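What follows is one chain in structure tokens, specifically the form deposited in one PDB entry.
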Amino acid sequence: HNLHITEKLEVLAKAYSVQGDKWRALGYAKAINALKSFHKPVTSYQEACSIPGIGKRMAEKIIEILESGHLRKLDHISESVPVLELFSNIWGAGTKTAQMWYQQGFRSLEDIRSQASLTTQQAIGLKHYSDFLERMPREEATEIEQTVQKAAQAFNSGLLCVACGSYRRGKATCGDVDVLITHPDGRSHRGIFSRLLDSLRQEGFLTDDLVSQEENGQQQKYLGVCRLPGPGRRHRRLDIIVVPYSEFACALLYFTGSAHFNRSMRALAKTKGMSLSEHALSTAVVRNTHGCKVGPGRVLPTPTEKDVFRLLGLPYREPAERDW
């Protein structure tokens, strides 16, 4: 509806993001999102300001795109940006690492491979550079979820496994497959990672681990790489979280996303003196002048996702309606 202007802002948003100006980038992200979530192609200054997420600064920029069909700002983007994007797309490397490598003279992935000091995660990220920038058809996400579920129910058929993220939101393609695991008895979820992960390794499904604290029986998540059997298969990102039944609803809400939806919902909760996380929804939370949680408050009973919305005074939304 307004791609002729968002397409340009998205360039700036990305530029600020890779350079580490996270707040400014966030502002652009929201503005661009609004412009997309809109309908009528904005054609007036005052008409832009009247839109939530768009201020005078952004409005002036939109105007220049309709009067000049261009944004002079785009001509002053540092030449380092494309390289910073190239580098930050390595899993495990963010804007600080990208900026450091650029300062050190690195300009290509060949430079990184041959001269950069890589962390264990980054080396895995580099090896799967193209792989991790690809999306898979949702049908493959189903296969991956089933593979994890089968392995889990193999030693405890009572384990409840659910694919979340974009898959649950009904998207045609998925990036990271997100599997949430829990158990109705509220206890059999404890210390099952090592058994589950070892089982998935046994069959050669898991090929590399990015985040997996297996020394601690309190491990909450596994971020890794997997690949289904047979020809024509690519390495995919797999994220698994194991949670106690009492936190099932909040964990499910969190893992289903989207990320921006979660942030919006948590922001709303804070305005109501509450707090929302993947662990729980709490009321009567005590915060300092900086909005930081000082007092825990009381955890509210949230057996289902509907309960979370209800307690927040919000109409329930199907996963497909949380694709923000």
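Only residues modelled in both forms are compared. Between two forms, the rigid core is defined as the largest C-alpha subset superposing within 1.5 Å. Residue numbers here begin at 1 and follow the sequence given.
Task: Greater mean Cα temperature factor according to the PDB record, 84-92 or 173-181 - done: Looking at the recorded C-alpha B-factors, 173-181 comes out higher on average.
- [ ] Name the higher of the two by mean Cα B-factor in the PDB entry, 305-313 versus 8-16.
- [x] According to the entry, 8-16 carries the higher average C-alpha B-factor.
Open item on the list: By the CA temperature factor listed in this entry, which of these ranks top: 299, 274, 265, 31?
Closed with: Spelled out: the listed residue with the top C-alpha B-factor is 31.
- [ ] Specify which of 115, 97, 220, 216 carries the largest Cα B factor in the deposited PDB entry.
- [x] Checking the PDB record, the top C-alpha B-factor among 115, 97, 220, 216 is at 216.
TODO: Classify residue 203 as lowest, middle or highest third according to the C-alpha B-factor given in the PDB entry, relative to its own chain.
DONE: It falls in the top third of the chain.
TODO: Check where residue 111 lands among this chain's C-alpha B-factors and tell me if it's the lowest, middle or highest third.
DONE: Answer is lowest: the recorded C-alpha B-factor places it there.
- [ ] Classify residue 212 as lowest, middle or highest third according to the C-alpha B-factor given in the PDB entry, relative to its own chain.
- [x] It falls in the bottom third of the chain.
Task: residue 231 - which third its CA temperature factor falls in, relative to the rest of the chain - done: Its C-alpha B-factor, which the entry lists for residue 231, ranks in the middle third among residues of this chain.
TODO: Can you work out whether the C-alpha temperature factor of residue 147 puts it in the lowest, middle or highest third of the chain?
DONE: Middle third.
Separately, the form deposited in another entry exists; it is not shown, and the next lines address it.
Open item on the list: Which one moved? Candidates are 279, 287, 266, 260, criterion is a Cα shift of 2 Å or more between the shown form and the other one after superposing on the core.
Closed with: Among the listed residues, the outlier is 287.
Open item on the list: I want to check residue 217: does it shift between the shown form and the other one by 2 Å or more at the Cα, with the core superposed?
Closed with: Superposed on the core, residue 217 moves its C-alpha 2 Å or more between the shown form and the other one.
TODO: Mind checking the CA-CA distance of residue 222 and residue 215 in the other form? It differs by 3 Å or more from this form, so is it closer or farther?
DONE: Closer, not farther.
Open item on the list: Given that the shift is 3 Å or more, do the Cα atoms of residue 262 and residue 219 end up closer or farther apart in the other form than in this form?
Closed with: Compared with the form shown here, the C-alpha atoms of residue 262 and residue 219 sit closer together in the other form, by 3 Å or more.
Task: Stretches between the shown form and the other one where the CA atoms of at least 3 consecutive shared residues shift 2 Å or more, core fixed - done: Those runs whose C-alphas all shift by 2 Å or more are 37-39, 213-219, 284-295.
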